[PDB]
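Working notes, beginning with the structure itself.
Residue numbers (the working numbering), protein chains in the order written: chain A, 1 to 303; chain B, 304 to 759; chain C, 760 to 1487.
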């Protein structure tokens, strides 16, 4: 149910359905605490994503651009774009590869094979970086989902999903550092242009409005509840996210159902060895292969 | 001293003791034996054993709460922060155990060897030990420290000069690590100038960690002498004080408490532990203190931790223990929400059960009735009372059958085989009724435990 | 000086890490030599004594001894050891078994298929060990003098993790190993078969035709009369009479064997004794005792002086006059001691003492007889089964043998008895044997157990021939290592922790060892993977650059790696800067080679010292300059190999040369190796083309590793990862 709903949040229409049975309730409080909290968070995220979905709707009605697109619409001349069926593009800024297989009980994490085209990609939620053209097996807990944005992406989000407003009163702009960025938020009777050129972020409006703007650069808040169309310089700020190799490695080793001595040995050796090639060589000797793949993903992110 | 056949033989292999409590050498008798022929009256046999070898002394009330112990390099402010976090999460605690890192370890001079032995406060981590102990007592916690007497009193110790004036001054340039617990003067110096200032600082009782292979010097096991004299000395600090030490054969039940440790973190250890604890009553050792969480080695399983703690709450002593590893924390907030809430609920239940445990303690000290008893103590003439090892009686009102096997993923419920004697029994938590003599497989979720009380 | 009396015990400080402890109840202490100990004249060190009324205390720079008087017990006598590394328990108790010992050898070979229970040695990870002198008193001439006066005698070794110094001091205490002759370092041939003289000569000529060099010919017990013994006498295993039906002219046969430049040995079975039907029996009858009326004189009692003289002068005498070089003593008995002394020890001692007149620095074949047997080489094992488990166990046994001073083991190459047939097992076993102390091919009485190279198919036969030639190519290196071992006491085959004692990985690889002082060997002891057509082995590489001795594949610093080789290849590695001397003409039989090839691995400075019988050649490689100098005048020619390219061929005299402008790289490249590895794999063709194309197209190393991580077959993953790591 949790995985299905995670897929549904990043689908065209999110419609929870239950039948005539007391065993088929889809209410979040029908499950345990962890599942319920994850469901509530994703249901809130769906309403956070409404302005993006409406802008994609207007684009589809005007020019005829599908909200959900296969990989080979943007990369038609590459073979890997035809070998990943469940990977797609959600709008024009995000790439989604949902996890549709049961979790590995040893690792307590599900997995999915993801193809990354040329460029730098970041996880939409944690900020984990990914390099250019490569096929990689990525692992996520049941409360996490693989969604990626390339460097330079600009995402608008509603700041108050719980409040029911015909138009949001404040919008958060999420910027992924690394390149120039472009976005055009279309509304019923307005058009907001967001530019990110040479480290300068500019927001302009076609009509007068009382909307406030909050800026997120990586993970750090830049300006909160700024009023009116404006410009700002982000060259001196911190481009990096909050993701680092050590904390992620400790978290992955902490939830694995393996022997303690193995966990301490892996942590100590991966902290001690400096060269990346020798780190990969060290993890290549491990007898458990899914743990090998998870550690390889962590090492590739932190190269 | 218990047998299904009806008789057993206890061999008095020990050494002669004086009227004050001192060793008097080998016995004149070549061999001495005690034949117990009580049949299947095990309670009377235990009472007469306690009459022969001495009743178990009373335990203090604070010993019946939750103990916290972690082998970590704690600082005073960090320790206080951890205790405040425990208070914030609604987790009651009774005893704070500070491991060997309370003293100097890595700053011992190169000449001296293993810095495991120590009697000097680490001022870098504990700038004001008196204030730290005062804060701990302000939070109403009893404090104990780990002690490693194996090496001895070296010259770098802060209290070393005083002992030097008592036992023997160094001839030209030497030291006085003469750990020979047979001499009266050495014992006096160790109990007055070594432990004395620390107990004045506010230390309540002492954790004696003697991990040695019985290096007897006068034909007597040093651990027995340590236990005897340390328990005799602990009585001046508090009324009915206790120690932490190890088992030393029959007659050790007079000096509580004795811990086991050294268990691996696995489902097999959890399967074995209830049987070991209940069977310990057959020799008069009724105050075992197991390592709650496991000790070393093993694999990770949150369900294993939850089940282990559920067993520990209904055990003689509840002492959560963690080792020097960031992956072996036993804190409730180290797990997910469901496991954490279940752990918090059971830790609260342990302190809810304290008056019952103290009444059982007083009964045990007075008449000699074990808190944890095997099924065949109350139903000696029935075969099923000998076919359920992990089922026991907790006090005189409750029957406990802990679940020590992994949950069935299809049902999301663990199971255990329980024998119900004649009468009506109710689940202590849900009130589910059970009829008379019957063997039944019962199923509980990981957040539930099988505990039963009979009607009335 | 270094003698301390206390109570009924005596303590001697032989050195700062070795302490002798003696306890005698009567009151007299042993002073003469024993079976094990041959010398106690060490230097003088600094130590302190603390004396009480009833206790004594001994202070040494690394050990601290406590004795409480009376009998020795863990409560009375014990000690502490102070070392830089730490340990859970650093206190030694008398009589209490201690853990951490690195084990030694075994008196009897007793493994069923694989591992056998070993005995303790003088090396420990904790840092101390105790050697008990349980032997019997020896006189100043070499005769048993009965039981020792001392009740118990012990030697405490407290060298910590300095194993080389401990071995050197053990050799000082018990005597250095004598030198071995050059011919013992070649290939030995042995088959238990009913050979005729003409058939044996034909077999030797066949070996010569197939280009296989040999050094020693071993003739088993069928050389004497077996089935012609009269009914009265029992087992015909004992024999000293030539079988004239098979050997009409033994003198001419030995002359032909020496004409082919082979050393000849014969099997001897002294257990029964000298019976009356022997050809030399009358002579012995005149020496020991004439038969009273009608009897015989099979009085095999090796304690009597007169019997030993007669057996060494009249039994072995004529045979050694015919031309027999050394003797193979096959005493398969369960220690039937008559005077409390093991007869095998006396046989070894007196036979080795006797063999020195025939040749300078002669040897024998016999069995191990406890500590102190290293003075009488050689000792063979045999009795191993022909299985993969025995091959798995053998390198560890051979390398661990150095912990007790026994460094000249001679295993049965091919297995001995029972077992199953596998040509790959034979090839792997021989590959291990070529890089072992002694290479001795052995076959039993069965037409199915022949070890001849032509008994197999073409590939196996060619590989065996190549490795047999390489063994004779390696002879100068082995002889130099022999001279070093006899001089300073350095084992030819050493465990990894002799050179890297501070590193944990040096204790986690049992079958990896150091062969001499320049090469590191990790033999493959498991069956090939049929999918990859390659066997594999886990190898630990210490800090620095290493190259494969045969292909030149490079390997980086400290790393654990699974390496893959075909059945015709072996993992042998040399670090950068190594210098290896090789014989240029292994097929030619020369007492000293006329030309030597020097193989140099580029990357660092290098140094080698080739020791010969009457010469010393020094090879320096400093700052790209290679210099060869000689102690004495010689006509030897020198050839230089830098990487794989020849530098100078048949250069004469001591010289110097500059190699800065040459090509440091070898012939190994990633593309050809990858193509070869993919060409022999039994996988789909499309997979091979995809792997080759993608690995040729992707430039970054990280993305190449990421590409190979997605492959579903994991052994192919490991092979490709080894190739990618080499070519980084």
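Where is the CB? At the ideal position from N, CA and C, for every residue including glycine.
Taking the beta carbon of residue 29/A as the centre, do at least 16 other beta carbons fall within 10 Å, making it buried, or is it exposed?
exposed
Could you name the residues that DSSP lists as bridge partners for residue 109/A?
104/A
Quick check: the segment 165-172 of chain A against the segment 129-148 of chain A, are there 3 or more CB pairs under 8 Å?
no
In the DSSP assignment, find the unbroken beta strand (DSSP E) run with residue 1366/C in it and report its ends.
1365-1370
Among 1371/C, 1396/C, 1313/C and 962/C, whose alpha-carbon lies nearest the alpha-carbon of residue 1361/C?
1313/C
Step through the CB atoms of chain C and report whether any lies within less than 8 Å of the CB of residue 301/A.
no
By a C-beta neighbour count over all protein chains shown, 10 Å radius and 16 as the cutoff for buried, is residue 440/B buried or exposed?
exposed
Would you mind giving the Cβ-Cβ distance between residue 849/C and residue 883/C, rounded to the nearest angstrom? I have them listed as a contact below 8 Å.
Wrong, their Cβ atoms sit about 11 Å apart, outside the cutoff.
What is the residue span of the beta strand (DSSP E) that residue 1321/C lies within?
1318-1324
Can you name the residues that DSSP bridges to residue 203/A?
194/A and 230/A
Partners in chain C for residue 11/A, counting only beta-carbon separations shorter than 7 Å
Within 7 Å Cβ-Cβ: nothing; residue 11/A doesn't reach chain C, min ~28 Å.
Are residue 1320/C and residue 281/A close, meaning C-beta to C-beta below 8 Å?
yes
Selection of the segment 265-295 of chain A by Cβ proximity to chain C, strictly under 8 Å:
276, 277, 278, 280, 281, 282, 284, 285, 289 and 293
Where does the unbroken alpha helix (DSSP H) through residue 439/B begin, and where does it stop?
432-441
Going by beta carbon distance, what residues of the same chain come within less than 6 Å of residue 1169/C, once the five residues before and after it are set aside?
1137, 1139, 1197 and 1199
Under the assumption that residue 5/A contacts residue 39/A (Cβ atoms under 8 Å), give the Cβ distance between them as a whole number of angstroms.
6 Å
Whole-angstrom distance between residue 1448/C and residue 388/A, CA atom to CA atom
Past the edges of chain A, shown from 1 to 303, lies residue 388/A, and the structure says nothing about it.
Is residue 641/B close to chain A? Criterion is C-beta to C-beta, closer than 8 Å.
yes
May I ask you to verify whether the segment 990-1007 of chain C touches the segment 1030-1038 of chain C, counting CB pairs closer than 8 Å and requiring at least 3?
yes
Indicate whether residue 436/B and residue 504/B have their beta-carbon atoms separated by less than 8 Å.
yes
Determine which residues of the segment 809-841 of chain C have a Cβ less than 8 Å from any Cβ of chain B, and write them out in chain order.
833, 834, 839 and 841
Out of curiosity, what's the CA-to-CA distance linking residue 32/A and residue 3/A?
15 Å
Opposite residue 1120/C in the DSSP bridges: which residues?
Paired residue(s): none; residue 1120/C is not in a bridge.
Excluding the 5 residues flanking residue 769/B on each side, which residues of the same chain have their C-beta closer than 6 Å to its C-beta?
Beyond the ends of chain B as shown, which are 304 and 759, falls residue 769/B; an answer cannot be given.
Can residue 830/C and residue 909/C be called in contact, C-beta distance under 8 Å?
no
Sort 927/C, 844/C and 1022/C by Cα distance to residue 944/C and report the nearest one.
1022/C
Would you tell me roughly how many angstroms separate the C-alpha atoms of residue 889/C and residue 806/C, rounded to the nearest one?
20 Å
Exposure of residue 76/A, with buried meaning 16 or more beta-carbon neighbours within 10 Å
exposed
Compute the Euclidean distance between the alpha carbons of residue 1371/C and residue 930/C, then round it to the nearest angstrom.
22 Å
Report buried or exposed for residue 533/B, applying the criterion of at least 16 other Cβ atoms within 10 angstroms of its Cβ.
buried
For chain C, is any of its Cβ atoms less than 8 Å away from the one on residue 520/B?
yes
Tell whether a beta-carbon distance below 8 Å holds between residue 1270/C and residue 1154/C.
yes
Would you mind working out which of 1141/C, 947/C, 1133/C and 856/C sits nearest residue 1177/C, comparing C-alpha positions?
1141/C
Member of 318/B, 497/B and 603/B whose CA lies at the smallest distance from the CA of residue 260/A
603/B
Does residue 1264/C come out as helix, strand or coil in the three-state DSSP assignment?
helix
For residue 1355/C versus residue 1411/C, is the C-beta spacing smaller than 8 Å?
no
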